[PDB]
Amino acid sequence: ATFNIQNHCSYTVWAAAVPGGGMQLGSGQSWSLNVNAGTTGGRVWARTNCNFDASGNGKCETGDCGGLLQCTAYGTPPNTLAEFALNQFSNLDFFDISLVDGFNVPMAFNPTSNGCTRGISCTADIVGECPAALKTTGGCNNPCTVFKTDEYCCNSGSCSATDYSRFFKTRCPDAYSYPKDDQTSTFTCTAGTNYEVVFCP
């Protein structure tokens, strides 16, 4: 499958993918990423305010993946996430936008083939609106990241929405706002669909 990863922000971002790596995308530039059929735990995200040396080692203000330009591991919150698992049960791809690891950059994540048309977006000014307890440089953290309790992180107990998850959910109703926000955040397409991930759509 092909992911068309497009930076429509006026600022440069450093696109990241696992599997895939990462590259600098100036405003208006795009990356076509091949993603094999059957991939699980897939993510695409943007990183902000990075500075990398000649060998691809360095730092990003949001979404840093172990100091690498070409990510092999997930990024450090906050990072708006396009998540996917391809060719799963019932001849389906499963995909979502997640704010469970926070928000940095607005995002659309849409199918582009196979007669799959229903996509996803989170475009609110979540950084400008972020509550004080969640705010950080370049982003808005999920309360699981900030507080690290089961109320927000749901390893055990009864996982329900919280005022801090609801902040994200009412502003981006399409996206996961807390770990068990499954019922209203799950998108599917026929297996084998292509996708776009657009920063600042």
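Residue numbers here begin at 1 and follow the sequence given.
As listed in the deposited structure, the average C-alpha B-factor of 48-56 and of 171-179 is greater for 48-56.
When the C-alpha B-factors of 110-118 and 127-135 are averaged, 110-118 comes out higher.
Which of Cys140, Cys65, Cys159, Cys144 has the largest Cα B-factor in the deposited entry comes down to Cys159. Each of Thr76, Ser98, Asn87, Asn104 has a CA temperature factor in the record; the biggest one is found at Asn87. Ranked by Cα temperature factor within the chain, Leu92 sits in the highest third according to the deposited record.
Ranked against the other modelled residues of its chain, the C-alpha B-factor of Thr149 as given in the entry falls in the middle third. Split the chain's modelled residues into thirds by C-alpha temperature factor. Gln70 is in the middle one. The deposited CA B-factor of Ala16 belongs to the lowest third of values across its chain.
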